[PDB]
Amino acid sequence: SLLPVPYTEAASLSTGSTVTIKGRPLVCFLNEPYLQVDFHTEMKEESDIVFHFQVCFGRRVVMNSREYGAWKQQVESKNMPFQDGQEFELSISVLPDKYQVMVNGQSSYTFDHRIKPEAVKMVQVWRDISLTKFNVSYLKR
């Protein structure tokens, strides 16, 4: 809807930064829609990924990083706070030791930094969703 998907935005992250994403799945969970959020080191899609967050609605969540063109140790979670056919609010906060992911205001996943957050230069949100809001908090030094 509001914003185009794939959605790409140049960004700068550091401790205290928050990325808020608002959207909804394009189809019911039965058809297994996906949602993917990648924090890139460069403005290009082929660049490395500091934090890869992929949701298979109703199934699982996978997190990883792509370093020097290679995927690393994948982390899998079965925690599924997302609701079928519902708008969701996803917020990713940058803590000193890791990323904390909140879904609709509830802590749901964390991922220890593998690469310093300062290496991020772009964020891309894509797959099967309509995007209504994308915001990066630049209120701290």
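Counting begins at 1, following the sequence as shown.
Asks: Averaging only over Cα atoms, indicate whether 97 to 105 or 72 to 80 has the higher B-factor in the PDB entry.
Replies: So the stretch with the higher mean C-alpha B-factor is 72 to 80.
Asks: Select between 35 to 43 and 55 to 63 the stretch whose C-alpha atoms have the higher average B-factor in the entry.
Replies: Stretch with the higher mean C-alpha B-factor: 55 to 63.
Asks: Take the CA temperature factors straight from the PDB entry and tell me which of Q124, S130, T20, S14 peaks.
Replies: Across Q124, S130, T20, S14, the entry lists the biggest C-alpha B-factor for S14.
Asks: Comparing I115 with the other modelled residues of its chain, is its CA B-factor in the lowest, middle or highest third?
Replies: Middle third of the chain for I115's C-alpha B-factor.
Asks: Report the third (lowest, middle or highest) to which the CA temperature factor of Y138 belongs, ranking only the modelled residues of the same chain.
Replies: Answer is highest: the recorded C-alpha B-factor places it there.
Asks: Going by the recorded CA B-factors, say which third of the chain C28 sits in, lowest, middle or highest.
Replies: Its C-alpha B-factor, which the entry lists for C28, ranks in the highest third among residues of this chain.
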